[PDB]
Amino acid sequence: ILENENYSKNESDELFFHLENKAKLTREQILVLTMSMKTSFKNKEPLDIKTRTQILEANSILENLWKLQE
Amino acid sequence: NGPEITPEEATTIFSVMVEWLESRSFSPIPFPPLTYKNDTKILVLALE
Amino acid sequence: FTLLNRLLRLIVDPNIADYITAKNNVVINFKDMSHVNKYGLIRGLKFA
Amino acid sequence: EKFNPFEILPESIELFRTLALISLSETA
């Protein structure tokens, strides 16, 4: 969700709703993502294609392994 | 009902402090060191 | 508190912020009655 | 039972091979 270029425009409340709906969270976790998003997270440079490919490949096999364990 | 702040309001609140402390060029308070000058002078004032 | 631990990590190293945040839960007892303090602040604390 | 233990055989050596990964081949 956080690397998606579509939400990255700005001033989109979509973020909080795809957090709550997509990757299950509770409000106390959304607030932490907001304030830590401000302190640490940095939108100045988007990631290189290399790390995006690697990341997607990892999310794939982690999601799939979790599905198998379930 | 859980917390009443909600993320969109916590955002507006947190940016204000972030910008205030960055504009003030404020260094965060560290953790008191094992070797510290004023430890004694802080204990006294505390304990009394 | 979920807002306090952040606003404090701005101003202070996290170990003191966590102490200050967890120190306010405690449990509150008056004779028979007991409740854990989730929400409000306890201003009977020296750092309050 | 034999086809299933065969799939199991490739699965254990596959996973133990995956624990050695410290990647496109092992990815696919």
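Along each chain, numbering proceeds from 1 in written sequence order. Entry numbering may differ, and residues lacking coordinates are not shown. All chains are assigned letters beginning at A, and all ligands numbers beginning at 1, according to the order in which they are written. Because the shown chains make up only part of a larger assembly, each value pertains to the shown part and nothing beyond it. Only hydrogens and water are set aside when side-chain values are computed; all heavy atoms of the structure are taken into account. Residues with missing side-chain atoms are left out of burial classes, side-chain pairs and their counts.

What the deposited record gives as its method is cryo-EM, and the resolution it gives is 3.40 Å.

You'll find chain C entered in the PDB entry as Pre-mRNA-splicing factor 8, with Saccharomyces cerevisiae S288c given as the organism.

In the nomenclature of the PDB entry, chain B is known as Pre-mRNA-splicing factor 8 of Saccharomyces cerevisiae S288c.

We now examine the overall build of chain B. Along its length, chain B carries two helices and zero strands. Counting only C-alpha atoms and orienting by the principal axes, one finds that chain B spans roughly 45 × 30 × 20 Å. Relative to its full complement of 48 residues, chain B shows a buried share of 10%. In this description, accessible areas are obtained by the Shrake-Rupley approach with a 1.4 Å probe, and a residue is regarded as covered only by the protein chains that are shown. About 4300 Å² of surface is accessible on chain B, with carbon and sulfur atoms providing 62% of the total. Only DSSP runs of H or I with at least four residues qualify as helices, and only runs of E with at least two residues qualify as strands; both kinds are numbered from the N terminus onward. Type-normalised accessible area, obtained with a 1.4 Å probe on protein chains alone, sets the label of each residue: buried when under 20%, exposed when over 50%, and partly exposed for intermediate values.

Let us look at the overall build of chain C. Counting secondary structure elements, chain C contains two helices and two strands. Taking the principal axes of its C-alpha atoms as reference, chain C extends roughly 40 × 20 × 15 Å. Split into buried and exposed, the 48 residues of chain C put 25% on the buried side. Contacts between residues were defined by any pair of non-hydrogen atoms, one from each residue, lying within 4.5 Å. Taking the contacts inside chain C whose residues are at least 6 apart along the sequence as the reference set, 18% of them involve residues at least 24 apart.

Taken together, the contacts link nine residues of chain C with 13 residues of chain B. A total of four residues in the side of chain C that touches chain B trace back to one element, the largest contributor, which is helix α1 (residues 4-11) of chain C. In this classification, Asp, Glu, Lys and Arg are treated as charged, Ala, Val, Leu, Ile, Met, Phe, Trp, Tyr, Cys and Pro as nonpolar, and every other residue, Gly included, as polar. By residue class, the composition of the side of chain C that touches chain B is seven nonpolar, no polar and two charged.

Attention now moves to the packing of helix α1 (residues 7-24) of chain B against α1 of chain C. Working convention: axes come from line fits to C-alpha atoms, limited for helices to the stretch in contact. Angles between N-to-C directions cover 0 to 180 degrees. Two elements in contact, α1 of chain B and α1 of chain C, have axes whose closest approach is 11 Å; the angle formed by their N-to-C orientations is 5°. It follows from the interaxial angle that α1 of chain B and α1 of chain C lie roughly parallel. Here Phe-14, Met-17, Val-18 and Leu-21 of chain B of α1 of chain B lie close against α1 of chain C, whose contacting residues are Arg-6, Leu-7 and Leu-10 of chain C. In terms of residue class, the contact of α1 of chain B with α1 of chain C is made up of six nonpolar, no polar and one charged. For classification purposes, an angle smaller than 35 degrees is called roughly parallel, one larger than 145 roughly antiparallel, one from 65 to 115 roughly perpendicular, and anything else oblique.

Another point: the arrangement of the chains. With no contact formed, the shortest span from any C-alpha in chain B to any C-alpha in chain D equals 37 Å. Kept free of each other, chain C and chain D leave a smallest C-alpha distance of 32 Å between them.

A few words on the packing of helix α2 (residues 27-39) of chain A against α1 of chain B. Contact geometry for α2 of chain A and α1 of chain B: axes closest at 9 Å, N-to-C directions at 30°. Judged by the inter-axis angle, α2 of chain A sits roughly parallel to α1 of chain B. Of the two elements, α2 of chain A crosses α1 of chain B, and the hand of that crossing is right-handed. Residues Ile-30, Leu-31, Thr-34, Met-35, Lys-38 and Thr-39 of chain A of α2 of chain A form the contact with α1 of chain B, whose own contacting residues are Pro-7, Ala-10, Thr-11, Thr-12, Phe-14 and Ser-15 of chain B. Split into classes, the residues belonging to the contact of α2 of chain A with α1 of chain B amount to six nonpolar, five polar and one charged. Handedness of a helix crossing follows the sense of rotation of the near helix relative to the far helix, less than a right angle counterclockwise being left-handed and clockwise being right-handed.

A few words now on the environment of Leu-45 of chain C. All names here are of chain C. On the secondary structure map, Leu-45 appears in the segment after β2 (33-35). On a C-alpha basis, the gap between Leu-45 and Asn-24 in space is 8.5 Å, while along the polypeptide they are 21 residues apart. Excluding residues within four positions of it along the chain, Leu-45 makes contact with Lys-23 and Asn-24.

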